[PDB]
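Working notes for the structure below.
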Amino acid sequence: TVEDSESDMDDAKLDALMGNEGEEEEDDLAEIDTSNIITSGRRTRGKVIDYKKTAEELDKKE
Amino acid sequence: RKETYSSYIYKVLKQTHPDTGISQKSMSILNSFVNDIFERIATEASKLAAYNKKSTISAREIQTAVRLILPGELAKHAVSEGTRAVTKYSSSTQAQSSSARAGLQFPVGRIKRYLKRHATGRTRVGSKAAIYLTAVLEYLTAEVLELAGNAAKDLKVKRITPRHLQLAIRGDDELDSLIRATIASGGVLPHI
C-alpha cells in the first residue's frame, strides 16, 4: 500500500487547494494567556488508580 | 472500520507509550470520541458559522465552540496549545510541510478534508482552523490514552481495554459529562 507515505505531505495541499484565506499569519497569535499555567499535550499525569475507589473519591471529592 | 486514524494513532500509540497495542474497540471509542469531539467542535463552529454567515471557519469559530464544548479547563489548555500552535506553525510559513510544521503529525489534510466534505459550505479552512482541530485532538486524544495507557499498563495489561476507559472516562466527571460516547464494553458502572 504505502510507498512514500510518512505524513503523506501531499495532502494538506491537494485538499486545501481551496486557497485558504491566507490569513495564516493573522491566524491568532494573541489569545495566549493561560499557557503560563495549564499545560499538557506532551506528558499529562493522573494514573487514575482504577479499582473504582478512585471513580468515587473523584466523582465526589476530586 | 475502514482505516480510521489507526496509523497516525499507532504513531501516537508507540510514542505515548511503547507498550500499548491498544484494544481495537478502545481504538473505536477513542476514534469515536476523536471523531465525535471532532464533530462537536467543527459542528458548533460550523453552526455559529452557518448562522453567522461567517463561513470562514477561523480559530475564533472553533475557539468559541471549543470554549462552549469543552467544560473549560480542558478548553483552557486546548486554546492555549491551539494558539501557540498557529504561531510556531505560521512562524515559518506554509513553505515546508503542514504535516510537519503544524507540529502535529495528526491528519492535517484528511481532517481538513472532513471540514471540506462535511462542511462543504464555502469552508476555505484558513490555517486558523485545521490546526486548531489537530491540536485539540492530539491534546485530548493523547490525554485519554495517556491516563489509560500509563495506567492500563501499570494496572495489569499493556493492551488497554474499554474498562481502563470506564475510569479514564466515567472517572473524570468533566470528560464523562463530555465524552458519554459509548463505553458499551467496559462501562460496567450501572447495571451489574
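Every residue number used here counts from 1 along the chain in the order it is shown.
A Cβ is built for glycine as well, from the same backbone N, Cα and C atoms used for every other residue.
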From A:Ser7, A:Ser35, the one Swiss-Prot labels phosphoserine: A:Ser7
Modified residues listed as A:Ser5, A:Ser7, least Cβ neighbours within 10 Å: A:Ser5
DSSP-derived class (H/G/I helix, E/B strand, else coil) of A:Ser7 (phosphoserine): coil
Same-chain residues at least 6 beyond the ends of the compositional bias 'Acidic residues' (A:21-31) whose Cβ lies under 8 Å from its Cβ atoms: none
